[PDB]
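Asks: so I've got this experimental structure, pasted below with the sequence.
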Amino acid sequence: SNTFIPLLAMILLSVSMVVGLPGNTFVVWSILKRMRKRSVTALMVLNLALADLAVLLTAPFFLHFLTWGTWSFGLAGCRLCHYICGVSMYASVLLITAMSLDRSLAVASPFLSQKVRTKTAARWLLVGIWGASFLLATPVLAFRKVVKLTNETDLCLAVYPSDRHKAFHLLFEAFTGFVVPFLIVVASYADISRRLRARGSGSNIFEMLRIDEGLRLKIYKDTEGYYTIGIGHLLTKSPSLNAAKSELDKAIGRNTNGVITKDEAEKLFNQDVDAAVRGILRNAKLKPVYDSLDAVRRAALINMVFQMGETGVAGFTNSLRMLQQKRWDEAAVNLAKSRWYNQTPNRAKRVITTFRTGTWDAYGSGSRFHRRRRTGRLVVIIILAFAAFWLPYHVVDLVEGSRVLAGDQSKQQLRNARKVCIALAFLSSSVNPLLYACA
Ligand SMILES: CC(C)(c1ccc(O)cc1)c1ccc(OCc2cccc(COc3ccc(C(=N)N)cc3)c2)cc1
């Protein structure tokens, strides 16, 4: 088994050359030669597919070192190749953090993105990522030097003066390289999938509310004589129009002069359910029942809460728990005697109908189907191919530093096992062009 690990590491590094060199050289080409307005999503890809190219430029050296038997490029060679390799890991993973940290701001509030996602404020970030990536790989050029092993064989690897030195740096490139990003991209990218559960899949929750609360695209006066716009979005508790009108422009970022788009009315409505669902989940009485209700019957809890406020809908306890206990017919007929049913029966006869049937049958037929998922669905695979390629390597870094404080011959497998994990990761630089050729 002494011969097959070098055999495995020399094909992957060569298939990464035959696939990663041409693809990245093309991907980096189009974004420069054949484009006028380079989108922000075309710069992330650019630098990410630009950095991935530099790592592969060092591959012909490790392959030579893999077969020749000794290093051949002097202190600079092995001081450099690891620095170039160490900077792409850092640059690549931070770009993937930013890309993933951003698709959580495009759903948290899509009106701030227009005022924050500026090509001038994206380019002036890349330098930051690059600069803050050029620095975090600096220990690798201080600790990796060539040592003459035999008259005819000088090997190169990290020379750590003490094992405490080795430990922390092996841990240091794990938290910062992977664990800090893996934790960040898990908070942001799971906040989203936990945000949409309130917002409901597709636009289905919106059109339901349009029929009910009325869709108006200009500032008007509410039922109680107060300024609102859209589906009940309260602009301000204030009398003045210019105060009310200006208050809106702050939350949209553009000079509306009193008018918003069908889109702007919908995004703004999501903030009206996003913030109306925390009130539910932070409410003593309607949190438990809501958690039990399926995706369909949830929007109607969001509907009544939109209607009368949580403090008000919290009153129908006996009709509340009957839902929680999954008995609809005894909650459908029980809600029939409320003043809410009497004062407004066109919207009560259908909200209640969505409970006992658990479908959108009472509201519409075939005008709600959308593909809410955006191009970030592609952005969510280039992080997984990345994570699946870089976890094998880092667990060893994580296990060496951990097991270098207590306890050779049992650990003689790690470097033999690290060799492939370290060499497997040479394919992540060659994974974007196939994902772009996935279509
Ligand atoms: C496998 C080989 C040739 C060897 C040699 C002697 C032997 O007996 C057995 C094996 C070897 C030697 C040294 C070595 O250290 C460099 C290294 C180690 C892990 C990782 C990277 C960067 O990878 C990246 C960085 C960034 C990206 C990116 N997406 N932008 C992709 C891949 C560099 C690596 C391999």
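Replies: Thanks, I have the structure now. Numbering: from 1, shown residues only.

Asks: most remote residue from this protein's center?
Replies: Residue farthest from the centre of the chain, counting by CA atoms, centre = their mean, is residue 151 at 52.1 Å.

Asks: that one and the ligand, how far apart?
Replies: Distance of residue 151 to the ligand, given as CB to the nearest ligand atom, to the nearest Å: 19 Å. The way it works is simple: take the backbone N, C-alpha and C, and place the C-beta from them, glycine included.

Asks: and that residue, how far from residue 75?
Replies: Relative to residue 75, residue 151 is positioned 18 Å away (CB to CB, to the nearest Å).

Asks: got the residues of this protein near the ligand?
Replies: 9, 51-52, 55, 62, 65-66, 82, 85, 88-89, 92, 393, 419, 422-423, 425-426, 428-429 (CB under 6 Å from any ligand atom).

Asks: can you give me the neighbour number for residue 96?
Replies: Residues lying near residue 96 (other CB atoms under 10 Å) number 21.

Asks: go on, the one 5 residues further on?
Replies: Around residue 101 sit 16 other residues, with neighbours defined as other CB under 10 Å.

Asks: quick check: next helix or strand after the helix or strand where it lies?
Replies: Using DSSP states H and E, residue 101 sits in helix 74-102. Proceeding N to C from helix 74-102, the next assigned helix or strand is helix 105-108, under DSSP H and E.

Asks: so what secondary structure elements neighbour that next one?
Replies: helix 110-116, helix 180-199 (3 or more CB pairs under 8 Å, 6 or more residues apart in numbering; DSSP states H and E).

Asks: list the buried residues of it.
Replies: Along helix 105-108, the positions that meet the burial threshold by neighbour count (16 or more other CB atoms under 10 Å) are 107-108.

Asks: that one: how far from the chain's middle?
Replies: 10 Å (CA atoms, centre = their mean, to the nearest Å).

Asks: contacting residues around it?
Replies: 112-113, 116-117, 191-192, 195-196, 374, 376 (CB atoms under 8 Å, 6 or more residues apart in numbering).

Asks: buried subset of the residues you listed as a PyMOL selection?
Replies: Here is the PyMOL selection string for the buried members of those, based on 16+ other CB under 10 Å:
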select buried, resi 113+192+196+376
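
Asks: which two from the contacts of helix 105-108 end up farthest apart in space?
Replies: 116 and 196 (21.2 Å; CB to CB).

Asks: in the stretch 151-300 of the chain, which residue sits closest to the ligand?
Replies: Proximity to the ligand, evaluated over the stretch 151-300 of the chain using CB to the nearest ligand atom, is greatest for residue 157 at 7.4 Å.

Asks: show me the contacts for the residue lying closest to that residue once chain neighbours are set aside.
Replies: Nearest non-adjacent residue to residue 157, counting by CB to CB, 6 or more residues apart in numbering: residue 144, 6.8 Å away. By CB under 8 Å, 6+ apart, the residues touching residue 144 are 78-79, 82, 156-159.

Asks: one more time with 10 Å, if that's ok
Replies: By CB atoms under 10 Å, 6 or more residues apart in numbering, the contact list for residue 144 reads 75, 78-83, 86, 156-160.

Asks: any figure for the gap between it and residue 75?
Replies: Taking CB to CB, one finds residue 144 at 9 Å from residue 75.

Asks: mutual contacts of those two, please.
Replies: residue 156.

Asks: how many other residues sit next to residue 162?
Replies: For residue 162, using other CB under 10 Å, the count is 7.

Asks: just checking, residue 165 touches residue 143?
Replies: Yes. Between residue 165 and residue 143 there is a contact at 7.7 Å, judged by CB atoms under 10 Å.

Asks: more neighbours, those two?
Replies: Between residue 165 and residue 143, residue 143 has the larger neighbour count (other CB under 10 Å), namely 17 against 14.

Asks: list the buried ones in stretch 140-153?
Replies: Quick answer for stretch 140-153 (16+ other CB under 10 Å): 140-141, 143-144, 146.

Asks: what is the end-to-end distance of that stretch?
Replies: Using CA to CA, to the nearest Å, one end of stretch 140-153 lies 22 Å from the other.

Asks: same check, this time on stretch 194-205
Replies: Per CA to CA, the first residue of stretch 194-205 is 16 Å away from its last.

Asks: now do stretch 212-219
Replies: End to end - CA to CA - stretch 212-219 spans 18 Å.

Asks: same question for stretch 363-381.
Replies: Terminal-residue distance, stretch 363-381 (CA to CA): 36 Å.

Asks: how far away from the center of its chain is it?
Replies: That offset, for stretch 363-381, works out to 17 Å (CA atoms, centre = their mean).

Asks: ok, now stretch 192-203?
Replies: That offset, for stretch 192-203, works out to 14 Å (CA atoms, centre = their mean).

Asks: next one: stretch 390-409
Replies: The answer for stretch 390-409 is 28 Å, by CA atoms, centre = their mean.

Asks: quick one: residues in contact with that stretch.
Replies: 89, 92-93, 160, 163-164, 166-175, 177-179, 181-182, 387, 410-411, 414-415, 417-425, 428.

Asks: for the stretch 151-300 of the chain, just list every one of the strands.
Replies: Ranges of strands within the stretch 151-300 of the chain are 153-158, 220-221, 227-229, 233-234, based on DSSP state E, counting those that start in this stretch.

Asks: name the helices or strands packed onto the longest one?
Replies: It refers to strand 153-158. Where contact means 3 or more CB pairs under 10 Å, 6 or more residues apart in numbering; DSSP states H and E, strand 153-158 is packed against helix 40-68, helix 74-102, helix 139-143, strand 144-150, helix 163-174.
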